[PDB]
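Next comes data_8.txt, with compact mmCIF, N, CA and C atoms (P, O5', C5', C4', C3', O3' and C1' of nucleotides).
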# COMPACT_ATOMS: atom_id res chain seq x y z
N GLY A 1 -94.10 87.83 -11.46
CA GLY A 1 -92.85 88.33 -10.93
C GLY A 1 -91.97 88.95 -11.99
N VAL A 2 -91.72 90.25 -11.88
CA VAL A 2 -90.97 90.95 -12.92
C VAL A 2 -89.48 90.91 -12.63
N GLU A 3 -89.09 91.19 -11.39
CA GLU A 3 -87.68 91.18 -10.99
C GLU A 3 -87.47 90.13 -9.91
N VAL A 4 -86.56 89.19 -10.17
CA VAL A 4 -86.31 88.06 -9.29
C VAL A 4 -84.87 88.14 -8.81
N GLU A 5 -84.67 88.00 -7.50
CA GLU A 5 -83.33 87.97 -6.95
C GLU A 5 -83.23 86.86 -5.92
N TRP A 6 -82.24 86.00 -6.04
CA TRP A 6 -81.99 85.05 -4.97
C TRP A 6 -81.21 85.74 -3.86
N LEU A 7 -81.57 85.41 -2.63
CA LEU A 7 -81.05 86.02 -1.42
C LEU A 7 -80.67 84.91 -0.45
N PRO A 8 -79.66 85.13 0.39
CA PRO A 8 -79.32 84.14 1.41
C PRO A 8 -80.37 84.09 2.51
N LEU A 9 -80.40 82.95 3.19
CA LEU A 9 -81.50 82.65 4.11
C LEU A 9 -81.36 83.39 5.43
N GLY A 10 -80.21 83.24 6.09
CA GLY A 10 -80.02 83.80 7.42
C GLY A 10 -79.98 85.32 7.47
N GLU A 11 -79.89 85.97 6.31
CA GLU A 11 -80.01 87.42 6.25
C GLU A 11 -81.37 87.90 6.73
N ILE A 12 -82.43 87.16 6.40
CA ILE A 12 -83.79 87.62 6.65
C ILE A 12 -84.50 86.71 7.65
N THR A 13 -83.73 85.99 8.45
CA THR A 13 -84.27 84.91 9.26
C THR A 13 -83.68 84.95 10.66
N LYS A 14 -84.54 84.97 11.67
CA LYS A 14 -84.11 84.88 13.06
C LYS A 14 -84.22 83.43 13.52
N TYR A 15 -83.07 82.85 13.87
CA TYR A 15 -82.97 81.48 14.34
C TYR A 15 -82.83 81.52 15.86
N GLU A 16 -83.57 80.66 16.56
CA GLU A 16 -83.39 80.57 18.00
C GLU A 16 -83.57 79.14 18.49
N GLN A 17 -82.81 78.82 19.52
CA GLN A 17 -82.84 77.54 20.20
C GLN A 17 -84.11 77.44 21.04
N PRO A 18 -84.53 76.24 21.45
CA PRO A 18 -85.76 76.14 22.23
C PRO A 18 -85.61 76.71 23.63
N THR A 19 -86.68 77.35 24.10
CA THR A 19 -86.81 77.66 25.51
C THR A 19 -86.82 76.37 26.31
N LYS A 20 -86.20 76.42 27.49
CA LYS A 20 -85.83 75.21 28.22
C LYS A 20 -87.07 74.48 28.73
N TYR A 21 -87.09 73.16 28.51
CA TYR A 21 -88.23 72.31 28.82
C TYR A 21 -87.84 71.28 29.87
N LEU A 22 -88.78 70.96 30.75
CA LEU A 22 -88.76 69.73 31.54
C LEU A 22 -90.20 69.22 31.47
N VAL A 23 -90.48 68.45 30.43
CA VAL A 23 -91.85 68.10 30.08
C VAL A 23 -91.96 66.58 30.16
N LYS A 24 -91.06 65.98 30.93
CA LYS A 24 -90.97 64.52 31.06
C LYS A 24 -91.66 64.02 32.33
N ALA A 25 -92.80 64.60 32.70
CA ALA A 25 -93.47 64.30 33.96
C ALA A 25 -94.13 62.91 33.93
N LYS A 26 -94.83 62.60 35.03
CA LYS A 26 -95.22 61.24 35.37
C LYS A 26 -96.45 60.73 34.62
N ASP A 27 -97.30 61.61 34.09
CA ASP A 27 -98.43 61.15 33.28
C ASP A 27 -98.85 62.27 32.35
N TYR A 28 -98.99 61.94 31.08
CA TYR A 28 -99.39 62.93 30.08
C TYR A 28 -100.45 62.33 29.16
N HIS A 29 -101.46 61.72 29.77
CA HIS A 29 -102.58 61.02 29.13
C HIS A 29 -103.44 61.96 28.28
N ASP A 30 -104.36 61.38 27.49
CA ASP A 30 -105.23 62.12 26.58
C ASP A 30 -106.19 63.04 27.32
N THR A 31 -106.39 62.82 28.62
CA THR A 31 -107.19 63.72 29.44
C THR A 31 -106.56 65.11 29.52
N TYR A 32 -105.24 65.18 29.37
CA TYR A 32 -104.53 66.45 29.29
C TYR A 32 -104.71 67.09 27.92
N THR A 33 -104.07 68.24 27.67
CA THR A 33 -104.52 69.07 26.56
C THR A 33 -103.46 69.72 25.68
N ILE A 34 -102.17 69.59 25.94
CA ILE A 34 -101.24 70.31 25.06
C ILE A 34 -100.95 69.45 23.83
N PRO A 35 -100.70 70.03 22.69
CA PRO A 35 -100.19 69.22 21.58
C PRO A 35 -98.68 69.05 21.65
N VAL A 36 -98.23 67.84 21.99
CA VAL A 36 -96.81 67.52 22.00
C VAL A 36 -96.42 67.10 20.59
N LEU A 37 -95.61 67.93 19.92
CA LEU A 37 -95.39 67.80 18.48
C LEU A 37 -93.92 67.54 18.19
N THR A 38 -93.64 66.40 17.56
CA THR A 38 -92.28 65.94 17.31
C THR A 38 -92.13 65.71 15.81
N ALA A 39 -91.05 65.04 15.43
CA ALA A 39 -90.82 64.71 14.03
C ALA A 39 -91.68 63.52 13.62
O5' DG B 1 -98.42 -22.75 18.09
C5' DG B 1 -99.71 -23.33 17.92
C4' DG B 1 -100.73 -22.26 17.57
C3' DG B 1 -100.16 -21.00 16.94
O3' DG B 1 -101.13 -20.42 16.08
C1' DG B 1 -101.24 -20.41 18.88
P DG B 2 -100.70 -19.74 14.70
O5' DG B 2 -102.02 -18.87 14.49
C5' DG B 2 -103.26 -19.32 15.01
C4' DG B 2 -104.13 -18.15 15.43
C3' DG B 2 -103.81 -16.83 14.75
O3' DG B 2 -104.99 -16.05 14.67
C1' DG B 2 -103.54 -16.55 17.01
P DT B 3 -105.28 -15.14 13.38
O5' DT B 3 -106.35 -14.17 14.06
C5' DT B 3 -107.16 -14.64 15.13
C4' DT B 3 -107.45 -13.52 16.12
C3' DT B 3 -107.36 -12.11 15.54
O3' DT B 3 -108.26 -11.26 16.24
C1' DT B 3 -105.86 -12.28 17.27
P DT B 4 -109.06 -10.11 15.46
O5' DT B 4 -109.42 -9.22 16.74
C5' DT B 4 -109.56 -9.84 18.02
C4' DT B 4 -109.10 -8.91 19.12
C3' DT B 4 -109.12 -7.43 18.77
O3' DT B 4 -109.34 -6.67 19.95
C1' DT B 4 -106.96 -8.01 19.31
P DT B 5 -110.25 -5.35 19.92
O5' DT B 5 -109.70 -4.70 21.27
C5' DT B 5 -109.22 -5.54 22.32
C4' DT B 5 -108.09 -4.86 23.07
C3' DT B 5 -108.07 -3.34 22.98
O3' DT B 5 -107.49 -2.81 24.16
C1' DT B 5 -106.09 -4.14 22.13
P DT B 6 -108.05 -1.46 24.81
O5' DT B 6 -106.76 -1.11 25.69
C5' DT B 6 -105.92 -2.15 26.16
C4' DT B 6 -104.47 -1.70 26.22
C3' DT B 6 -104.27 -0.19 26.33
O3' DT B 6 -103.06 0.07 27.02
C1' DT B 6 -103.24 -0.94 24.41
P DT B 7 -102.64 1.56 27.36
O5' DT B 7 -101.22 1.37 28.06
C5' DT B 7 -100.45 0.18 27.82
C4' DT B 7 -99.22 0.51 27.01
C3' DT B 7 -98.71 1.95 27.19
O3' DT B 7 -97.30 1.92 27.03
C1' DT B 7 -99.14 1.58 24.95
P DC B 8 -96.35 2.60 28.12
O5' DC B 8 -94.95 2.65 27.36
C5' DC B 8 -94.63 1.64 26.39
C4' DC B 8 -94.18 2.28 25.09
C3' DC B 8 -93.48 3.64 25.22
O3' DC B 8 -92.25 3.50 24.51
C1' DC B 8 -95.10 3.70 23.52
P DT B 9 -91.01 4.47 24.81
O5' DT B 9 -90.45 4.76 23.34
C5' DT B 9 -90.47 3.73 22.31
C4' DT B 9 -90.64 4.32 20.92
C3' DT B 9 -89.89 5.63 20.69
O3' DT B 9 -89.41 5.92 19.35
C1' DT B 9 -92.17 5.96 20.26
P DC B 10 -88.41 4.94 18.47
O5' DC B 10 -88.67 5.56 17.02
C5' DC B 10 -89.84 5.19 16.26
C4' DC B 10 -90.43 6.39 15.56
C3' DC B 10 -89.44 7.52 15.24
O3' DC B 10 -89.38 7.68 13.81
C1' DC B 10 -91.47 8.38 16.15
P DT B 11 -89.44 9.14 13.15
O5' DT B 11 -91.00 9.47 13.12
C5' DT B 11 -91.90 8.70 12.30
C4' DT B 11 -92.94 9.59 11.66
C3' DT B 11 -92.39 10.70 10.78
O3' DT B 11 -93.32 11.02 9.74
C1' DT B 11 -93.39 11.64 12.74
P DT B 12 -93.09 12.32 8.85
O5' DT B 12 -93.54 13.50 9.83
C5' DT B 12 -94.27 13.21 11.03
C4' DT B 12 -95.59 13.96 11.03
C3' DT B 12 -95.63 15.18 10.14
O3' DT B 12 -96.99 15.53 9.90
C1' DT B 12 -95.35 15.83 12.42
P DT B 13 -97.40 17.05 9.62
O5' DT B 13 -97.80 17.59 11.07
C5' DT B 13 -98.28 18.93 11.25
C4' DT B 13 -98.84 19.11 12.64
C3' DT B 13 -99.26 20.53 12.99
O3' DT B 13 -100.30 20.49 13.96
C1' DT B 13 -97.47 19.90 14.38
P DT B 14 -100.87 21.84 14.59
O5' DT B 14 -100.90 21.54 16.15
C5' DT B 14 -99.68 21.41 16.90
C4' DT B 14 -99.38 22.69 17.64
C3' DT B 14 -99.80 23.96 16.89
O3' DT B 14 -100.09 25.04 17.79
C1' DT B 14 -97.49 24.00 17.22
P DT B 15 -101.24 24.91 18.89
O5' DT B 15 -100.55 25.56 20.17
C5' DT B 15 -99.41 24.92 20.77
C4' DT B 15 -98.50 25.91 21.44
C3' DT B 15 -99.06 27.32 21.67
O3' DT B 15 -98.40 27.71 22.88
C1' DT B 15 -97.13 27.49 20.38
P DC B 16 -98.41 29.22 23.37
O5' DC B 16 -96.94 29.42 23.95
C5' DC B 16 -96.53 28.83 25.20
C4' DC B 16 -95.02 28.87 25.31
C3' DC B 16 -94.45 30.19 25.83
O3' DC B 16 -93.23 30.03 26.57
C1' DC B 16 -93.68 29.84 23.66
P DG B 17 -92.56 31.31 27.28
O5' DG B 17 -91.24 30.75 27.99
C5' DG B 17 -90.16 30.16 27.24
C4' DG B 17 -89.21 31.20 26.68
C3' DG B 17 -89.32 32.62 27.25
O3' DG B 17 -88.15 32.99 28.00
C1' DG B 17 -89.21 32.63 24.82
P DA B 18 -88.31 33.66 29.45
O5' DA B 18 -87.53 35.04 29.34
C5' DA B 18 -86.84 35.58 30.48
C4' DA B 18 -87.58 36.78 31.03
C3' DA B 18 -86.84 38.10 30.89
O3' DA B 18 -87.24 38.73 29.66
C1' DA B 18 -87.73 37.85 33.12
P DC B 19 -86.14 39.22 28.61
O5' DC B 19 -85.92 37.96 27.66
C5' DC B 19 -86.94 37.53 26.74
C4' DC B 19 -86.37 37.18 25.38
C3' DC B 19 -85.09 37.92 24.99
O3' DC B 19 -84.53 37.26 23.84
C1' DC B 19 -86.88 38.75 23.72
P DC B 20 -83.25 37.88 23.08
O5' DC B 20 -83.52 37.52 21.55
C5' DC B 20 -84.81 37.76 20.96
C4' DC B 20 -84.73 38.84 19.90
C3' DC B 20 -83.42 39.63 19.86
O3' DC B 20 -83.21 40.21 18.57
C1' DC B 20 -85.17 41.10 20.21
P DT B 21 -82.37 39.46 17.45
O5' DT B 21 -83.07 39.95 16.12
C5' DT B 21 -84.47 40.32 16.13
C4' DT B 21 -84.67 41.69 15.54
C3' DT B 21 -83.41 42.44 15.11
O3' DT B 21 -83.62 43.06 13.84
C1' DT B 21 -84.76 43.83 16.41
P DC B 22 -83.14 42.33 12.51
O5' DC B 22 -83.16 43.50 11.43
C5' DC B 22 -83.21 44.88 11.84
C4' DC B 22 -84.59 45.44 11.60
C3' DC B 22 -84.61 46.79 10.90
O3' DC B 22 -85.94 47.02 10.45
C1' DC B 22 -85.15 47.09 13.16
P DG B 23 -86.22 47.98 9.22
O5' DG B 23 -86.17 49.43 9.88
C5' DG B 23 -86.48 50.56 9.10
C4' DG B 23 -87.61 51.35 9.73
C3' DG B 23 -87.47 52.84 9.60
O3' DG B 23 -88.72 53.46 9.89
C1' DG B 23 -87.02 52.23 11.81
P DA B 24 -89.01 54.94 9.38
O5' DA B 24 -88.93 55.81 10.71
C5' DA B 24 -89.15 55.19 11.99
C4' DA B 24 -89.54 56.22 13.02
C3' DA B 24 -89.25 57.67 12.65
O3' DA B 24 -90.08 58.53 13.43
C1' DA B 24 -87.65 56.88 14.25
P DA B 25 -89.58 60.00 13.78
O5' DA B 25 -88.53 59.75 14.95
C5' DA B 25 -88.91 59.03 16.14
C4' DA B 25 -88.42 59.76 17.37
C3' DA B 25 -88.18 61.25 17.18
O3' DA B 25 -88.35 61.93 18.43
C1' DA B 25 -86.09 60.09 17.38
P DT B 26 -87.54 63.27 18.73
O5' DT B 26 -86.21 62.74 19.41
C5' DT B 26 -86.28 61.87 20.55
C4' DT B 26 -84.92 61.81 21.22
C3' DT B 26 -84.38 63.17 21.67
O3' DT B 26 -83.63 62.99 22.87
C1' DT B 26 -82.89 62.22 20.16
P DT B 27 -83.50 64.19 23.91
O5' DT B 27 -82.54 63.59 25.04
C5' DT B 27 -83.06 63.23 26.34
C4' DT B 27 -82.13 63.65 27.45
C3' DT B 27 -82.55 64.91 28.19
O3' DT B 27 -81.68 65.24 29.28
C1' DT B 27 -80.79 65.43 26.74
P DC B 28 -80.86 64.14 30.12
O5' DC B 28 -79.70 65.00 30.79
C5' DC B 28 -78.49 64.37 31.24
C4' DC B 28 -77.32 64.74 30.36
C3' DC B 28 -76.49 65.93 30.86
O3' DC B 28 -75.21 65.45 31.27
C1' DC B 28 -76.70 65.89 28.49
P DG B 29 -74.29 66.35 32.22
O5' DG B 29 -72.95 65.50 32.32
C5' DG B 29 -72.73 64.41 31.42
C4' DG B 29 -72.07 64.90 30.16
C3' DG B 29 -70.80 65.74 30.38
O3' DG B 29 -69.73 65.10 29.69
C1' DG B 29 -72.18 66.68 28.72
P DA B 30 -68.23 65.35 30.17
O5' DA B 30 -67.53 65.92 28.86
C5' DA B 30 -67.91 65.45 27.56
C4' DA B 30 -67.52 66.46 26.51
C3' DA B 30 -66.34 67.35 26.89
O3' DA B 30 -65.35 67.26 25.85
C1' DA B 30 -68.16 68.66 26.10
P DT B 31 -64.07 68.21 25.89
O5' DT B 31 -64.13 68.94 24.48
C5' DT B 31 -65.38 69.00 23.77
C4' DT B 31 -65.69 70.43 23.38
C3' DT B 31 -64.54 71.44 23.53
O3' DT B 31 -64.25 72.02 22.26
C1' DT B 31 -66.56 72.33 24.26
P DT B 32 -63.76 73.54 22.14
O5' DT B 32 -65.05 74.31 21.61
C5' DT B 32 -65.06 74.91 20.30
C4' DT B 32 -65.66 76.30 20.35
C3' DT B 32 -64.64 77.44 20.51
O3' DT B 32 -64.95 78.49 19.58
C1' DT B 32 -66.31 77.63 22.16
P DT B 33 -63.96 79.73 19.42
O5' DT B 33 -64.94 80.98 19.42
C5' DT B 33 -66.02 81.09 18.46
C4' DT B 33 -67.15 81.90 19.04
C3' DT B 33 -66.87 83.39 19.16
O3' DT B 33 -68.08 84.14 19.00
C1' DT B 33 -67.21 82.52 21.30
P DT B 34 -68.06 85.73 19.21
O5' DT B 34 -69.60 86.13 19.36
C5' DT B 34 -70.32 85.84 20.57
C4' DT B 34 -70.30 87.01 21.52
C3' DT B 34 -69.42 88.20 21.09
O3' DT B 34 -70.07 89.47 21.24
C1' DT B 34 -68.67 87.33 23.20
P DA B 35 -71.17 89.71 22.38
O5' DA B 35 -70.41 89.33 23.73
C5' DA B 35 -71.11 88.63 24.78
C4' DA B 35 -71.58 89.58 25.85
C3' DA B 35 -71.44 91.06 25.53
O3' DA B 35 -72.36 91.80 26.34
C1' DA B 35 -69.64 90.27 26.94
P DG B 36 -72.00 93.28 26.86
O5' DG B 36 -70.81 93.02 27.89
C5' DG B 36 -70.89 91.96 28.87
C4' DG B 36 -69.75 92.09 29.86
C3' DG B 36 -69.22 93.51 30.05
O3' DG B 36 -69.12 93.81 31.45
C1' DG B 36 -67.44 92.03 29.66
P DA B 37 -68.54 95.22 31.93
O5' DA B 37 -68.02 94.90 33.40
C5' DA B 37 -67.96 93.54 33.88
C4' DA B 37 -66.58 93.25 34.42
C3' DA B 37 -65.85 94.45 35.01
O3' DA B 37 -65.02 93.98 36.07
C1' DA B 37 -64.56 93.55 33.29
P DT B 38 -64.72 94.89 37.34
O5' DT B 38 -63.25 94.42 37.74
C5' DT B 38 -62.81 93.10 37.41
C4' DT B 38 -61.32 93.09 37.11
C3' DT B 38 -60.53 94.23 37.73
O3' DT B 38 -59.20 93.80 37.97
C1' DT B 38 -60.28 94.34 35.45
P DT B 39 -58.41 94.28 39.28
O5' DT B 39 -56.94 93.96 38.76
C5' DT B 39 -56.73 92.91 37.82
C4' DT B 39 -55.59 93.24 36.88
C3' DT B 39 -54.57 94.24 37.43
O3' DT B 39 -53.30 93.98 36.86
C1' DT B 39 -55.48 95.11 35.50
P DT B 40 -51.97 94.15 37.73
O5' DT B 40 -50.95 94.26 36.51
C5' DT B 40 -51.24 93.61 35.28
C4' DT B 40 -50.69 94.41 34.11
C3' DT B 40 -49.53 95.35 34.44
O3' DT B 40 -48.71 95.49 33.30
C1' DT B 40 -51.26 96.61 33.60
P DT B 41 -47.12 95.60 33.46
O5' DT B 41 -46.82 96.26 32.03
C5' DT B 41 -47.69 96.00 30.94
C4' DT B 41 -47.78 97.20 30.02
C3' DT B 41 -46.59 98.16 30.09
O3' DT B 41 -46.43 98.80 28.84
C1' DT B 41 -48.50 99.32 30.66
P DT B 42 -44.97 99.11 28.27
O5' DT B 42 -45.40 100.23 27.21
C5' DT B 42 -46.69 100.18 26.62
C4' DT B 42 -47.21 101.59 26.35
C3' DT B 42 -46.13 102.65 26.21
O3' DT B 42 -46.60 103.68 25.34
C1' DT B 42 -47.50 103.24 27.96
P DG B 43 -45.60 104.39 24.32
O5' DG B 43 -46.48 105.70 24.05
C5' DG B 43 -47.90 105.63 24.16
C4' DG B 43 -48.46 106.94 24.68
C3' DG B 43 -47.59 108.16 24.45
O3' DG B 43 -48.41 109.31 24.32
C1' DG B 43 -47.92 107.92 26.71
P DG B 44 -48.03 110.47 23.28
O5' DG B 44 -48.92 111.62 23.95
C5' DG B 44 -50.10 111.29 24.66
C4' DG B 44 -50.33 112.25 25.81
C3' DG B 44 -49.66 113.61 25.65
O3' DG B 44 -50.43 114.59 26.34
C1' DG B 44 -48.85 112.62 27.56

Starting from the file, lay out its structure as structure tokens.
Amino acid sequence: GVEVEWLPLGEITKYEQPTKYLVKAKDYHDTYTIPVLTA
DNA sequence: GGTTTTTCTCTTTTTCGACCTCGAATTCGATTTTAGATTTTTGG
């Protein structure tokens, strides 16, 4: 790297809130297939 | 009258209590800008 510049984050970054979910249904066993990914 | 056996309590274990208690994770209402429109006022 010959020329280095620090830049602010939100200048080059699109932030968006989640698309609306109702994913709290009655059974979501391993027979199903989506990856439910949390912290 | 004495000895032995059985039982009862007291000493020590031991196993339960529509629980409970710490880490991890977090959905709805409360509240705010912006999009936008409509109405009113001022200027030409």

Between atom N of residue A:38 and atom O3' of residue B:24 lies a distance of 9.6 Å

Legend entry - Atomic separation - atom P of residue B:28 relative to atom C of residue A:36, Å: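 Value for the atom C of residue A:36-atom P of residue B:28 distance: 18.5 Å.
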
Report the closest atom pair, with its distance in Å rounded to one decimal, for each residue of chain B that has an atom no farther than 12 Å from chain A; count only C-alpha atoms (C1' of nucleotides), sort by chain and then rising residue number, and write it as a tab-separated table.
residue	atom	partner	partner_atom	distance
B:24	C1'	A:39	CA	8.5
B:25	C1'	A:39	CA	7.4
B:26	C1'	A:39	CA	10.3
B:27	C1'	A:22	CA	10.2

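Here atom C of residue A:34 is placed at a distance of 14.0 Å from atom CA of residue A:21.
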